[PDB]
$ cat coords_3.tsv   # TSV, N, CA and C atoms
chain	number	residue	atom	x	y	z
A	1014	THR	N	0.82	-1.20	0.00
A	1014	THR	CA	0.00	0.00	0.00
A	1014	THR	C	0.86	1.26	0.00
A	1015	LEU	N	1.94	1.25	0.77
A	1015	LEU	CA	2.82	2.41	0.80
A	1015	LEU	C	3.59	2.55	-0.51
A	1016	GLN	N	3.85	1.44	-1.19
A	1016	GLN	CA	4.52	1.50	-2.48
A	1016	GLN	C	3.61	2.09	-3.55
A	1017	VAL	N	2.41	1.53	-3.71
A	1017	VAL	CA	1.55	1.86	-4.84
A	1017	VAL	C	0.41	2.81	-4.48
A	1018	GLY	N	0.22	3.12	-3.20
A	1018	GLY	CA	-0.96	3.86	-2.80
A	1018	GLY	C	-0.68	5.22	-2.19
A	1019	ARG	N	0.54	5.71	-2.34
A	1019	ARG	CA	0.92	7.04	-1.87
A	1019	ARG	C	1.72	7.74	-2.96
A	1020	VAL	N	1.35	8.98	-3.26
A	1020	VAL	CA	2.16	9.80	-4.16
A	1020	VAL	C	3.54	10.00	-3.56
A	1021	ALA	N	4.57	9.77	-4.36
A	1021	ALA	CA	5.96	9.96	-3.94
A	1021	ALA	C	6.32	11.44	-3.98
A	1022	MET	N	6.51	12.04	-2.81
A	1022	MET	CA	6.71	13.47	-2.69
A	1022	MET	C	8.20	13.78	-2.52
A	1023	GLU	N	8.51	15.04	-2.17
A	1023	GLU	CA	9.88	15.53	-2.28
A	1023	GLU	C	10.77	14.97	-1.18
A	1024	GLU	N	10.24	14.84	0.04
A	1024	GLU	CA	11.02	14.38	1.18
A	1024	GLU	C	10.66	12.93	1.42
A	1025	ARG	N	11.64	12.04	1.31
A	1025	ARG	CA	11.38	10.62	1.32
A	1025	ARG	C	12.29	9.93	2.32
A	1026	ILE	N	11.76	8.87	2.95
A	1026	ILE	CA	12.57	7.91	3.68
A	1026	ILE	C	12.10	6.52	3.27
A	1027	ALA	N	12.97	5.54	3.47
A	1027	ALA	CA	12.65	4.16	3.12
A	1027	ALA	C	13.35	3.22	4.09
A	1028	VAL	N	12.66	2.14	4.44
A	1028	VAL	CA	13.16	1.19	5.44
A	1028	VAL	C	12.93	-0.22	4.91
A	1029	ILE	N	13.93	-1.07	5.07
A	1029	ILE	CA	13.82	-2.51	4.82
A	1029	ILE	C	13.69	-3.20	6.17
A	1030	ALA	N	12.70	-4.07	6.29
A	1030	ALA	CA	12.45	-4.75	7.55
A	1030	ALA	C	11.80	-6.09	7.28
A	1031	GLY	N	12.17	-7.08	8.09
A	1031	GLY	CA	11.67	-8.42	7.95
A	1031	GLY	C	10.70	-8.76	9.07
A	1032	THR	N	10.58	-7.87	10.05
A	1032	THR	CA	9.61	-8.01	11.12
A	1032	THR	C	9.03	-6.65	11.47
A	1033	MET	N	7.86	-6.68	12.10
A	1033	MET	CA	7.23	-5.45	12.57
A	1033	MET	C	8.09	-4.75	13.61
A	1034	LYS	N	8.55	-5.50	14.61
A	1034	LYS	CA	9.39	-4.92	15.65
A	1034	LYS	C	10.58	-4.18	15.06
A	1035	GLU	N	11.22	-4.76	14.04
A	1035	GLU	CA	12.35	-4.09	13.39
A	1035	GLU	C	11.93	-2.76	12.78
A	1036	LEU	N	10.80	-2.75	12.07
A	1036	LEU	CA	10.31	-1.51	11.49
A	1036	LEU	C	10.03	-0.47	12.56
A	1037	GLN	N	9.32	-0.86	13.62
A	1037	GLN	CA	9.04	0.08	14.70
A	1037	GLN	C	10.34	0.61	15.28
A	1038	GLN	N	11.32	-0.27	15.47
A	1038	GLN	CA	12.60	0.15	16.01
A	1038	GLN	C	13.23	1.22	15.14
A	1039	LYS	N	13.34	0.94	13.84
A	1039	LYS	CA	14.04	1.85	12.95
A	1039	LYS	C	13.30	3.17	12.82
A	1040	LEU	N	11.98	3.11	12.71
A	1040	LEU	CA	11.21	4.34	12.57
A	1040	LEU	C	11.25	5.16	13.85
A	1041	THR	N	11.21	4.50	15.01
A	1041	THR	CA	11.31	5.23	16.26
A	1041	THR	C	12.68	5.88	16.40
A	1042	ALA	N	13.73	5.18	15.97
A	1042	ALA	CA	15.05	5.78	15.96
A	1042	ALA	C	15.08	6.99	15.04
A	1043	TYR	N	14.36	6.92	13.92
A	1043	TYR	CA	14.28	8.06	13.01
A	1043	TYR	C	13.57	9.23	13.68
A	1044	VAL	N	12.44	8.96	14.33
A	1044	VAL	CA	11.67	10.00	15.01
A	1044	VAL	C	12.48	10.62	16.14
A	1045	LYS	N	13.37	9.84	16.75
A	1045	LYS	CA	14.15	10.28	17.89
A	1045	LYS	C	15.39	11.07	17.47
A	1046	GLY	N	15.62	11.23	16.17
A	1046	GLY	CA	16.70	12.06	15.69
A	1046	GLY	C	17.97	11.32	15.34
A	1047	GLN	N	17.94	9.99	15.32
A	1047	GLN	CA	19.15	9.22	15.07
A	1047	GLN	C	19.59	9.44	13.63
A	1048	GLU	N	20.79	9.99	13.45
A	1048	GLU	CA	21.20	10.41	12.12
A	1048	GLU	C	21.45	9.21	11.22
A	1049	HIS	N	22.04	8.15	11.77
A	1049	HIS	CA	22.38	6.96	11.02
A	1049	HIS	C	21.62	5.77	11.58
A	1050	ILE	N	20.80	5.15	10.73
A	1050	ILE	CA	19.99	3.99	11.09
A	1050	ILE	C	20.19	2.95	10.00
A	1051	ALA	N	20.45	1.71	10.40
A	1051	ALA	CA	20.77	0.67	9.44
A	1051	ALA	C	19.58	0.37	8.54
A	1052	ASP	N	19.84	0.32	7.23
A	1052	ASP	CA	18.84	-0.02	6.24
A	1052	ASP	C	17.70	0.99	6.26
A	1053	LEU	N	17.99	2.21	6.70
A	1053	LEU	CA	17.07	3.34	6.62
A	1053	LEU	C	17.78	4.45	5.87
A	1054	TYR	N	17.18	4.91	4.78
A	1054	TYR	CA	17.80	5.87	3.89
A	1054	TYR	C	17.04	7.18	3.95
A	1055	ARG	N	17.78	8.29	4.01
A	1055	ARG	CA	17.16	9.61	4.00
A	1055	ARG	C	17.75	10.42	2.87
A	1056	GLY	N	16.95	11.33	2.35
A	1056	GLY	CA	17.41	12.22	1.30
A	1056	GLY	C	16.25	13.06	0.82
A	1057	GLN	N	16.55	13.90	-0.16
A	1057	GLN	CA	15.55	14.78	-0.74
A	1057	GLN	C	15.65	14.74	-2.25
A	1058	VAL	N	14.50	14.89	-2.90
A	1058	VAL	CA	14.51	15.00	-4.35
A	1058	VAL	C	15.00	16.39	-4.75
A	1059	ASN	N	14.57	17.40	-3.99
A	1059	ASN	CA	14.83	18.80	-4.31
A	1059	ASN	C	16.30	18.99	-4.66
A	1060	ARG	N	17.15	18.11	-4.13
A	1060	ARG	CA	18.59	18.32	-4.21
A	1060	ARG	C	19.13	17.82	-5.54
A	1061	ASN	N	18.68	16.64	-5.98
A	1061	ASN	CA	19.26	15.96	-7.12
A	1061	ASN	C	18.39	16.09	-8.36
A	1062	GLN	N	17.66	17.19	-8.48
A	1062	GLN	CA	16.72	17.34	-9.59
A	1062	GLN	C	17.44	17.19	-10.92
A	1063	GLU	N	18.65	17.73	-11.01
A	1063	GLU	CA	19.34	17.82	-12.29
A	1063	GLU	C	19.64	16.45	-12.86
A	1064	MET	N	20.40	15.63	-12.13
A	1064	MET	CA	20.79	14.32	-12.66
A	1064	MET	C	19.58	13.43	-12.89
A	1065	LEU	N	18.51	13.59	-12.11
A	1065	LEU	CA	17.32	12.80	-12.36
A	1065	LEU	C	16.83	13.02	-13.78
A	1066	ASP	N	16.65	14.29	-14.14
A	1066	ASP	CA	16.06	14.65	-15.43
A	1066	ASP	C	16.73	13.89	-16.57
A	1067	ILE	N	18.06	13.74	-16.49
A	1067	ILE	CA	18.87	13.39	-17.65
A	1067	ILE	C	19.10	11.90	-17.78
A	1068	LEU	N	18.81	11.12	-16.74
A	1068	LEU	CA	19.14	9.71	-16.72
A	1068	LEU	C	17.93	8.80	-16.89
A	1069	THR	N	16.75	9.26	-16.49
A	1069	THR	CA	15.58	8.39	-16.50
A	1069	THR	C	14.96	8.29	-17.89
A	1070	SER	N	15.29	9.23	-18.78
A	1070	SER	CA	14.76	9.21	-20.14
A	1070	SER	C	14.92	7.84	-20.79
A	1071	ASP	N	16.11	7.25	-20.70
A	1071	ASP	CA	16.38	6.01	-21.42
A	1071	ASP	C	15.82	4.82	-20.66
A	1072	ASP	N	15.09	3.96	-21.37
A	1072	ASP	CA	14.74	2.66	-20.83
A	1072	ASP	C	15.96	1.85	-20.41
A	1073	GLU	N	17.13	2.13	-20.99
A	1073	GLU	CA	18.36	1.46	-20.61
A	1073	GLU	C	18.50	1.39	-19.09
A	1074	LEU	N	18.12	2.47	-18.44
A	1074	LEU	CA	18.21	2.54	-16.99
A	1074	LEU	C	17.00	1.94	-16.30
B	1075	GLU	N	30.24	-0.68	-15.51
B	1075	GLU	CA	31.33	-0.63	-16.48
B	1075	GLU	C	30.99	-1.46	-17.72
B	1076	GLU	N	30.26	-2.56	-17.52
B	1076	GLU	CA	29.75	-3.35	-18.63
B	1076	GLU	C	28.69	-2.57	-19.38
B	1077	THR	N	27.84	-1.85	-18.66
B	1077	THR	CA	26.82	-1.07	-19.35
B	1077	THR	C	27.48	-0.03	-20.25
B	1078	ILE	N	28.54	0.61	-19.75
B	1078	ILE	CA	29.33	1.51	-20.59
B	1078	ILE	C	29.85	0.76	-21.80
B	1079	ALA	N	30.43	-0.42	-21.58
B	1079	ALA	CA	30.98	-1.19	-22.69
B	1079	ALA	C	29.93	-1.37	-23.78
B	1080	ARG	N	28.69	-1.62	-23.37
B	1080	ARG	CA	27.62	-1.82	-24.34
B	1080	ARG	C	27.23	-0.52	-25.01
B	1081	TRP	N	27.15	0.57	-24.25
B	1081	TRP	CA	26.88	1.87	-24.85
B	1081	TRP	C	27.91	2.21	-25.92
B	1082	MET	N	29.18	1.95	-25.62
B	1082	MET	CA	30.25	2.19	-26.58
B	1082	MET	C	30.10	1.32	-27.81
B	1083	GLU	N	29.92	0.01	-27.61
B	1083	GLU	CA	29.72	-0.88	-28.75
B	1083	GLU	C	28.55	-0.40	-29.61
B	1084	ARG	N	27.40	-0.19	-28.98
B	1084	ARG	CA	26.24	0.36	-29.66
B	1084	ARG	C	26.49	1.76	-30.17
B	1085	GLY	N	27.53	2.43	-29.68
B	1085	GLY	CA	27.86	3.75	-30.17
B	1085	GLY	C	27.04	4.86	-29.55
B	1086	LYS	N	26.57	4.68	-28.31
B	1086	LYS	CA	25.78	5.70	-27.64
B	1086	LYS	C	26.71	6.79	-27.11
B	1087	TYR	N	27.41	7.41	-28.05
B	1087	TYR	CA	28.46	8.35	-27.71
B	1087	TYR	C	27.90	9.57	-26.99
B	1088	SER	N	26.82	10.14	-27.53
B	1088	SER	CA	26.19	11.29	-26.89
B	1088	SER	C	25.87	11.03	-25.42
B	1089	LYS	N	25.37	9.83	-25.12
B	1089	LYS	CA	25.04	9.48	-23.74
B	1089	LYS	C	26.29	9.39	-22.88
B	1090	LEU	N	27.31	8.69	-23.37
B	1090	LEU	CA	28.53	8.54	-22.60
B	1090	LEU	C	29.16	9.90	-22.32
B	1091	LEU	N	29.18	10.78	-23.31
B	1091	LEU	CA	29.81	12.08	-23.13
B	1091	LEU	C	28.98	12.96	-22.20
B	1092	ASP	N	27.65	12.87	-22.29
B	1092	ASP	CA	26.83	13.63	-21.36
B	1092	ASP	C	27.04	13.14	-19.93
B	1093	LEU	N	27.36	11.86	-19.76
B	1093	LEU	CA	27.66	11.35	-18.43
B	1093	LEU	C	29.11	11.62	-18.04
B	1094	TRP	N	30.03	11.47	-18.99
B	1094	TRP	CA	31.45	11.66	-18.69
B	1094	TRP	C	31.70	13.06	-18.15
B	1095	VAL	N	31.07	14.06	-18.77
B	1095	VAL	CA	31.37	15.45	-18.47
B	1095	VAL	C	30.87	15.84	-17.08
B	1096	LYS	N	29.99	15.05	-16.49
B	1096	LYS	CA	29.53	15.26	-15.13
B	1096	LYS	C	30.37	14.50	-14.12
B	1097	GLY	N	31.35	13.72	-14.58
B	1097	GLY	CA	32.27	13.01	-13.71
B	1097	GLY	C	32.29	11.51	-13.89
B	1098	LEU	N	31.45	10.93	-14.74
B	1098	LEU	CA	31.44	9.49	-14.92
B	1098	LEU	C	32.79	9.04	-15.48
B	1099	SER	N	33.46	8.15	-14.75
B	1099	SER	CA	34.74	7.62	-15.20
B	1099	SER	C	34.53	6.66	-16.37
B	1100	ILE	N	35.27	6.88	-17.45
B	1100	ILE	CA	35.20	6.04	-18.64
B	1100	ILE	C	36.59	5.53	-18.98
B	1101	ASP	N	36.71	4.21	-19.14
B	1101	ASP	CA	37.95	3.57	-19.59
B	1101	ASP	C	38.01	3.68	-21.10
B	1102	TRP	N	38.67	4.73	-21.58
B	1102	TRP	CA	38.69	5.01	-23.01
B	1102	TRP	C	39.41	3.93	-23.81
B	1103	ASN	N	40.20	3.08	-23.15
B	1103	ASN	CA	40.88	2.02	-23.89
B	1103	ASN	C	39.90	1.03	-24.48
B	1104	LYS	N	38.79	0.77	-23.78
B	1104	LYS	CA	37.79	-0.15	-24.30
B	1104	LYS	C	37.21	0.34	-25.62
B	1105	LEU	N	37.37	1.63	-25.93
B	1105	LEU	CA	36.91	2.15	-27.21
B	1105	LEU	C	37.59	1.46	-28.38
B	1106	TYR	N	38.75	0.84	-28.17
B	1106	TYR	CA	39.55	0.28	-29.25
B	1106	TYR	C	39.64	-1.22	-28.98
B	1107	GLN	N	38.70	-1.98	-29.51
B	1107	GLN	CA	38.72	-3.41	-29.27
B	1107	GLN	C	39.80	-4.08	-30.09
B	1108	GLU	N	39.90	-3.72	-31.37
B	1108	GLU	CA	40.90	-4.26	-32.28
B	1108	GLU	C	41.93	-3.18	-32.62
B	1109	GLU	N	43.20	-3.50	-32.38
B	1109	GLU	CA	44.28	-2.58	-32.69
B	1109	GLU	C	44.24	-1.36	-31.78
B	1110	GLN	N	45.05	-0.35	-32.10
B	1110	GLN	CA	45.19	0.84	-31.27
B	1110	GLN	C	45.66	1.97	-32.16
B	1111	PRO	N	45.12	3.19	-32.01
B	1111	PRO	CA	45.73	4.33	-32.72
B	1111	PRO	C	47.08	4.68	-32.13
B	1112	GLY	N	47.74	5.67	-32.72
B	1112	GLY	CA	49.06	6.09	-32.28
B	1112	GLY	C	49.03	7.39	-31.50
B	1113	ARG	N	49.99	7.52	-30.59
B	1113	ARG	CA	50.17	8.76	-29.85
B	1113	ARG	C	50.88	9.80	-30.71
B	1114	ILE	N	50.47	11.06	-30.55
B	1114	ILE	CA	51.06	12.17	-31.27
B	1114	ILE	C	51.26	13.33	-30.30
B	1115	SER	N	52.19	14.21	-30.67
B	1115	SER	CA	52.41	15.43	-29.90
B	1115	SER	C	51.22	16.38	-30.03
B	1116	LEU	N	50.76	16.89	-28.91
B	1116	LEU	CA	49.75	17.93	-28.86
B	1116	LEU	C	50.13	18.89	-27.76
B	1117	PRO	N	49.55	20.09	-27.74
B	1117	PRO	CA	49.90	21.05	-26.70
B	1117	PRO	C	49.66	20.45	-25.32
B	1118	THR	N	50.45	20.90	-24.37
B	1118	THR	CA	50.45	20.38	-23.02
B	1118	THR	C	49.81	21.40	-22.09
B	1119	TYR	N	49.66	21.01	-20.84
B	1119	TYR	CA	48.85	21.77	-19.90
B	1119	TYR	C	49.43	23.18	-19.78
B	1120	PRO	N	48.61	24.22	-19.87
B	1120	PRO	CA	49.15	25.58	-19.77
B	1120	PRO	C	49.25	25.99	-18.31
B	1121	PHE	N	50.31	25.51	-17.66
B	1121	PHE	CA	50.51	25.76	-16.25
B	1121	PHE	C	50.39	27.25	-15.94
B	1122	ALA	N	49.77	27.56	-14.81
B	1122	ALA	CA	49.70	28.94	-14.36
B	1122	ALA	C	51.10	29.52	-14.18
B	1123	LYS	N	51.26	30.78	-14.58
B	1123	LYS	CA	52.54	31.48	-14.51
B	1123	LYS	C	52.60	32.46	-13.34
B	1124	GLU	N	52.83	31.95	-12.13
B	1124	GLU	CA	52.90	32.80	-10.94
B	1124	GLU	C	54.34	32.85	-10.46
B	1125	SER	N	54.77	34.05	-10.08
B	1125	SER	CA	56.15	34.29	-9.67
B	1125	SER	C	56.32	33.98	-8.19
B	1126	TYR	N	57.43	33.33	-7.85
B	1126	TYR	CA	57.78	33.07	-6.46
B	1126	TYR	C	59.27	33.31	-6.30
B	1127	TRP	N	59.64	34.12	-5.31
B	1127	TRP	CA	61.04	34.35	-5.01
B	1127	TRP	C	61.21	34.66	-3.53
B	1128	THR	N	62.41	34.40	-3.03
B	1128	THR	CA	62.74	34.58	-1.63
B	1128	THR	C	63.46	35.91	-1.46
B	1129	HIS	N	64.13	36.07	-0.33
B	1129	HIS	CA	64.95	37.24	-0.06
B	1129	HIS	C	66.29	36.80	0.52
B	1130	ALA	N	67.38	37.30	-0.07
B	1130	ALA	CA	68.71	37.03	0.45
B	1130	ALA	C	69.09	38.07	1.50
$ encode --input "coords_3.tsv" --output "C-alpha cells"
Amino acid sequence: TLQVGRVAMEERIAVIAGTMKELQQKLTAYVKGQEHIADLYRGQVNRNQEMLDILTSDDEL
Amino acid sequence: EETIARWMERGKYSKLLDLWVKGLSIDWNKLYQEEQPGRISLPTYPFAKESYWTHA
C-alpha cells in the first residue's frame, strides 16, 4: 500500500524490515533524531533534480 | 562498467559524453577493441605562470 498507494513526494525515507518490531525500532530511531539507522535511507529530491532529469529518459536505466 | 561497454559498442556516444562530463569515469581504452591508434604530440597543460622568489 505504501509503495503503490501514496504519491511519492519531495522528502522521502525508506526502510527494509523483515519483522514489525524491526520496522518500529528503525522508525522510532528516526523520530528520535538518530542520524544513522541501518537499512534506513534519508534524502531529498529537491537536491538531485538535475541528474534525475537526464538519466531516466532512457529505458536502458 | 559493462553497461558503458555496451553503450560504446552500440555507439551511444552522446550518452557517454553527457555522463562523462559530469564526472562518470570512462575507460577510453575499451573504445579500441581491435588494434590501437598512435600517440602524437599535442599542446600540453598551460601551467599557471605565478612568480615566487625569496629574499637574500
$ atom_distance --input "coords_3.tsv" --atom1 "CA of residue 1105 (chain B)" --atom2 "CA of residue 1064 (chain A)"
24.9 Å
$ axis_aligned_box --input "coords_3.tsv" --around "region 1020-1039 of chain A" --padding-each-side "6 Å" --output "AutoDock Vina command-line options"
--center_x 7.7 --center_y 3.4 --center_z 5.8 --size_x 24.7 --size_y 36.3 --size_z 32.4
$ interface_residues --input "coords_3.tsv" --of "chain B" --to "chain A" --cutoff "10 Å" --atoms "only C-alpha atoms" --output "ChimeraX atom specification"
/B:1077,1081,1089,1092-1093,1096
$ atom_distance --input "coords_3.tsv" --atom1 "atom N of residue 1024 (chain A)" --atom2 "atom N of residue 1062 (chain A)"
11.5 Å
$ atom_distance --input "coords_3.tsv" --atom1 "atom C of residue 1082 (chain B)" --atom2 "atom N of residue 1102 (chain B)"
11.1 Å
$ select_by_dssp --input "coords_3.tsv" --residues "chain A" --states "helix (DSSP H, G or I)" --output "list in words"
residues 1033, 1034, 1035, 1036, 1037, 1038, 1039, 1040, 1041, 1042, 1043, 1044, 1062, 1063, 1064, 1065, 1066, 1067 and 1068 of chain A
$ residues_near_point --input "coords_3.tsv" --point "(31.4, 2.5, -25.8)" --cutoff "8 Å" --atoms "only N, CA and C atoms" --output "ChimeraX atom specification"
/B:1077-1087,1090,1104-1106
$ closest_residue --input "coords_3.tsv" --among "A:1015, A:1021, A:1042, A:1028" --to "residue 1058 (chain A)" --atoms "only C-alpha atoms"
A:1021
$ select_by_dssp --input "coords_3.tsv" --residues "chain A" --states "strand (DSSP E)" --output "NGL selection string"
:A and (1024-1028 or 1053-1057)
